[PDB]
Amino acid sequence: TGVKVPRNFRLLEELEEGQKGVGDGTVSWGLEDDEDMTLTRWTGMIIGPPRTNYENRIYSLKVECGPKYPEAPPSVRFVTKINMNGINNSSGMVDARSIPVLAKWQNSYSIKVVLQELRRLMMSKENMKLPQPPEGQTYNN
């Protein structure tokens, strides 16, 4: 049923696609270090969806792609504080079970679809009416 593309070349595909901004503009992603040959540390950003308590609040995240990417899902962590089901409020780490694309990970997926999934779950109705902290607050560490 075809063969798999190894981690680093897939990450170079995702890196080049993060820099030429084709698509929504609701999501954006790139390398954290820019010179990190491991290609492990990525920074992601989601623009708040209209019609929500998240609306036009810009959230920045830290995505870590492990040695088994994209066969295994990446760890995702919010750095801008946020109240969201699945999102821990002391850490910002994401519960994989809370996100279908992370609970049901498939190697056809990319970092773009993970961020776009988080924005779609921001338009989910269990989250759109949550009480959010004042803008500008972030957890430390």
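Numbering starts at 1 and runs along the sequence shown.
On average the C-alpha atoms of 21-29 have higher B-factors than those of the other stretch, with 113-121 and 21-29 being the two compared. Stretches 35-43 and 50-58 differ in mean C-alpha B factor, with the higher average recorded for 50-58. Per-chain ranking of the deposited C-alpha B factor places residue 106 in the lowest third. When the modelled residues of the chain are ordered by C-alpha B-factor, residue 75 sits in the lowest third.
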